[PDB]
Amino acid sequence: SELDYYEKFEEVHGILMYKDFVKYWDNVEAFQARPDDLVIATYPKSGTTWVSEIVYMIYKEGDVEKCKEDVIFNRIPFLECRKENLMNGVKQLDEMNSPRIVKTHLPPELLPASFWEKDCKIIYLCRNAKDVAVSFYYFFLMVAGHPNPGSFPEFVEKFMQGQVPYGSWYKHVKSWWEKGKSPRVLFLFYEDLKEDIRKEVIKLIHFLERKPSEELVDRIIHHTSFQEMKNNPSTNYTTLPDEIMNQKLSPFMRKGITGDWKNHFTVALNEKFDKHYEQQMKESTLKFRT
């Protein structure tokens, strides 16, 4: 197992990362942003795809047709993603006409300097740690490039130690929470989108300086609902071959709820996790709902 992780991951700037990405990190380091670039940042499996489609719809005034012109991972390039010449986020962005929407899972400390220098707006989305752990576990099982996660308890231990891609979820959300105090960095919660999607959609429309009409909001709401996105080949990653994403084992649009952790954490693992969580987050005003 530890050997598996050693083969699959490597650190960059002290953060564990997919080895393929690290090989060409210089391209990420020197990435050139544009003033109107919009960054969507998240710790893995926090609802990136969901908010990305909401944002894309807002950019297209809710035109569903314009949102299916290409798959989501081509419409919204994954900044640091690189797999030799098979996948290249920086290349996709470089050739992309503005306004560009950039997806990234990088903690603030690793975001390319250009983005800060150009004062680009950023939307950060987070989700409670327990549900993120469950979602990430299945991701490890379905997606190529990951070591065997082993049992759920084993995987959760590594999660608690930040020994997974992008490092510590705890440090990730806390660092972005600080950046979120800024007006140009909108800090959102997955659970808030679940509880009152209308409120969050209207919040996003205003953040992006667009006009919130009843018709636009309505289109966004049903189009970005879990069931619709799960069936939408543009947003469900099903165009990817099984060797890349084996959705037969687990679909990308898995369950889309808050609280699935209760179906995976044993009572003992939950007790241990909560204790560790409290130590990690006690000194923070950031509060999540499970």
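A residue's number is simply how far along the shown sequence it sits, counting from 1.
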request  = Check the entry's C-alpha temperature factors for 19-27 and 278-286, then say which stretch has the higher mean.
outcome  = 278-286
key: Mean temperature factor over C-alpha atoms, higher-scoring stretch between 161-169 and 139-147   = 139-147
message = Looking at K91, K174, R100, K211, which one carries the largest C-alpha B-factor according to the PDB entry?
response = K211
inquiry  = Just to confirm, going by the entry's C-alpha B-factors, which of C126, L204, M87, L79 comes out highest?
reply    = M87
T48 - which third its CA temperature factor falls in, relative to the rest of the chain = lowest
task = Give the position of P112 by CA B-factor within its chain, expressed as the lowest, middle or highest third.
result = lowest
ask   = Is the Cα B-factor recorded for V217 in the lowest, middle or highest third of its chain?
value = highest
query = Taking the C-alpha B-factors as the PDB entry records them, is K68 in the lowest, middle or highest third of its chain?
reply = highest
ask   = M96's Cα B-factor: lowest, middle or highest third of the chain?
value = highest
